[PDB]
Amino acid sequence: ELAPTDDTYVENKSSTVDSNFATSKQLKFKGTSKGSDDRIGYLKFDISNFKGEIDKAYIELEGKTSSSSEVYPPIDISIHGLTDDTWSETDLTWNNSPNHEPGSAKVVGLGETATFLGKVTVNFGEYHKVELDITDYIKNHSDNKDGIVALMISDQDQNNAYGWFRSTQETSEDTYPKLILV
Ligand SMILES: [Ca+2]
């Protein structure tokens, strides 16, 4: 059970394109038609101390979607593995963050520096767990041989649905993102 070394989000607003969010309890996401007000989350883990051969690996998050004006249907949020692990949580801003187009969350590098791992279904109004089996990526992909795992969290499908996952800045450790190594 590993907590991130790094977790943050970035946000596409003129007031916050140069802002860092590593102090927040939230890993925000949003994907809009135009890309304004998009948010992307990022995680890093260090698996280099895992004694033994990894058999299964899972990413677990805790999150929800949120609106005062409508009930969202379940929203599928994409998880990518990134080659780029060169950043720390305090480095990333919208303007300085990897694997997306400059005006929206649209992914850059698919199949090359960004590996699609799957989507997690996020539900409305109440925190819940999601989990994605990422065994093949952790066990086999070139990105993870250096022991530093980098993940991106985004809406790639323009749902125009705000939400967040809970970060390492929450008071309860049980809400943190978790990389589970068997
Ligand atoms: Ca790596």
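Its PDB header attributes the entry to X-ray crystallography and lists the resolution as 1.500 Å.

Q: Which residues make up the nonpolar core, and what values go with them?
A: Across soluble globular proteins, nonpolar side chains show a tendency to be buried alongside one another. Counting residues in each nonpolar core, the largest one holds 30 residues, and the members touching the most others are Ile138, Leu151 and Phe165. Those residues in contact with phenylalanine 165, other than ones at most four positions away along the chain, are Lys25, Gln26, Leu27, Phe29, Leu61, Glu62, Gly63, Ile77, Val120, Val122, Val130 and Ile153. Counting 13 residues, the second-largest nonpolar core is a separate cluster that includes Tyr42, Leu82, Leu92 and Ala105.

Q: Explain the coordination of the calcium ion residue by residue, including any values.
A: Coordination of the calcium ion by the protein involves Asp85 (OD), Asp143 (O), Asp146 (OD), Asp146 (OD) and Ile148 (O), with metal-donor separations of 2.3 to 2.6 Å. In the primary sequence, the donor residues of the calcium ion line up as D-x57-D-x2-D-x1-I. Residue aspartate 85 is found in the loop between β5 (75-82) and β6 (114-122), and its partner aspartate 143 is found in the loop between α1 (135-140) and β8 (148-154); the two are separated by 58 residues along the sequence. Its relative accessible area of 18% is what places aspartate 85 among the buried residues. The exposure class of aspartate 143 is buried, given its relative accessible area of 5%.

Criteria and thresholds
Residues numbered from 1 in each chain as written, not as in the entry; some residues may be left out. Heavy atoms only, no water. Core = buried A, V, L, I, M, F, W, Y, C linked by side-chain atoms within 4.5 Å. Buried < 20%, exposed > 50% of the residue type's maximum accessible area, 1.4 Å probe, protein only. Contact = heavy atoms within 4.5 Å. Donors = N, O, S within 2.8 Å, 3.2 Å for Na, K, Ca; no water. Helix = DSSP H or I, 4+ residues; strand = E, 2+ residues; numbered from the N terminus.

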